[PDB]
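Only one chain comes next, encoded as C-alpha cells, the form deposited in one PDB entry.
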C-alpha cells in the first residue's frame, strides 16, 4: 500500500495502490479522495500518519496526567497536610509540583496543537473549518490553553474532563464506539422507564405489606427507604440481609422476596440484556455498511484514475496492465461496478499478500519444546525440588526473535499479532538484564503462547480462537468503560475528596470502617479508580454508597452511585456480553464454513 505509489506513481500504480489500501481496510480521507490533484495533498497525509507513535504517546501522556495531579482539596490548606498520607489513607503515586505540572502541560499542549492544526496542510482551510470534528477538537485545545494560562498566572478544574474528551476524539475506534452507543440510547431509556415502573410498584407493595412489622419499624420505615432498599435488592447485593427481620417475624415473608428476586433477576435483567443486544446488533450492522461504502468509494476513485476519458469503460489492454501492477506488486470491457466486483473477487480467492523486500515449519515445534522445557523447569524451581538456565532461555528467545526478524524482515514479521507481543516481552526481558525473580513472570508470559496448541484440539478450538480474537477486538469497549470511569473518578474526587480521614470520627460508624474498606476512597485519583473498579464488580458495592451518604449527610450523594450503576452495569457491561456472544457465534460459523 505504498505511499510512494500514491504520491508519485503513474496512474496504473496509483490505481493498484488505492486498491490495496481499500482492501487492507485503510481509507484515505474523502477530503483527499474527492480531488483530482490529490497526490500533493496525499504527500502530507503520509508524513502525518508516519508520526502516529508520537501522537499516540502524547495522548496517553495527556490522559495519564490525571493520575499524578494533586487533589484540589489538598491545595486549600488542610490540617494536617496531605504529606500525612496515612492520615488521609492516600495512595503511593507522586503528586507533581507546580513546576512539573507546568512543564508537562506545556509540552503536551504543544504537540496537541501541532496534531490538531497540521491537517490544514492536506485538507484546505474551508474544508478544515467546516468539519465538526475539527471544531470540537479546536474547542478542546483552546479550553486546555486557557486552563494552562490561568495557572501559569500563578471551585473546580475543567482540564481533567477535557483531557478525556480529547483522548476519546483522538482514537477512531473510540469515536466509533460512541457513535454506535448514541444509536442505542433511545431504546435504552424506554426499558429504563419500565424498570423504574417495576421498582416503584414492587416497593409500594413491600411498603404497605410490612408497615406495622419489624421489617417496617427497622428497614422499610418510609416509601423512600423502601425504594432504596428494594433498588439495592434488585442488584442482589444486600440479599438476604435486608429481609432477615421479616423472616424472623414470619417465615412466609420469604415467599414475597423470593418472587421479587426471581422476577427481577431472571425476567427483567435478562430482558434488559436482550434489548441492549438487539440494539447493538442493529448499530454494528450500520457501522459495517458504512465501512463497505468507504471501500466502494476508494475503488471508484481507482477506476476514475484509470478512466481518463470518462466513457466509463476500460479495455483488456488496460486491464492486463492493472492486473500486473496488482498480482505482481501486492498479490472483455469492464465498467464501474464490474471492476469493483472483479477486484473484490480477487481479494477473495487469489489474494494472498506478497512479502516485502529483504523459517522452517518444524522451527515452531523446536520453540514449543523449548518453552515447555522452560515451564517444567520453572515449576520444579518454584517447588525447590537456576540463573544460568533462565539466562540461556532468555538468550534462546532473543536469538529466535533476531532469526525471525532476519528471515522475514520486520515489516513482514511485525504483521502477526502474536510475534509482536513476543518481541515486546523479549525486549522487556533483555532490558531487564541490567546487571530478583520478576523475569519468571515475563518468561511465563511467553509460555502462555503454549495455549494456542489447544486450537489443535477440536473440542477447544472455537473457545481458544474466540478468546484470542476478543483480546484485541474488545479494546474499544473496554476503553470506553475506562474513559467513563475516568470522568466519574474526577467527579468523585471533586465532591468526596478529604471526607475519609482519620480525624472524621463519623467515619468509624460508617460501615466502610467496619468492613475495613478505608483504602477504597475518593481522596486521590488512583484511589478513585480502584474504588470504581470495585463498584463495577458490584461486590459489596452499596457499602460505599451508604458510607458516603453518611459522610456527606445528604441523600443527593446517592445520585452518583445510582447513575454509575445505570450507565455502566445495565448498559456497557451488557454491551460487552453481547459482543462476546456474537464473537463466539461468528467463530462457530467460520468453522462450519471451513469444514
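Residue numbers count along the first chain shown, from 1. We call the rigid core the largest set of C-alpha positions that still match within 1.5 Å between the two forms.
Where residue 331 is followed by residue 332 in the displayed chain, the model omits 10 or more of the deposited residues that sit between the two. Count the deposited residues lacking coordinates between residue 154 and residue 155 and you get 4 to 9 of them.
Below, we turn to the form deposited in another entry, even though it does not appear here.
Lining up the core between this form and the one not shown shows that one residue from 103, 179, 451, 470 moves its Cα 2 Å or more, and that residue is 451.
For residue 366, the Cα coordinates differ by 2 angstroms or more between this form and the one not shown after the core has been superposed. Taking the rigid core as fixed, one finds a CA shift for residue 410 of 2 Å or more between this form and the one not shown. Fitting the two forms on the rigid core leaves the C-alpha of residue 123 displaced by under 2 angstroms between this form and the one not shown.
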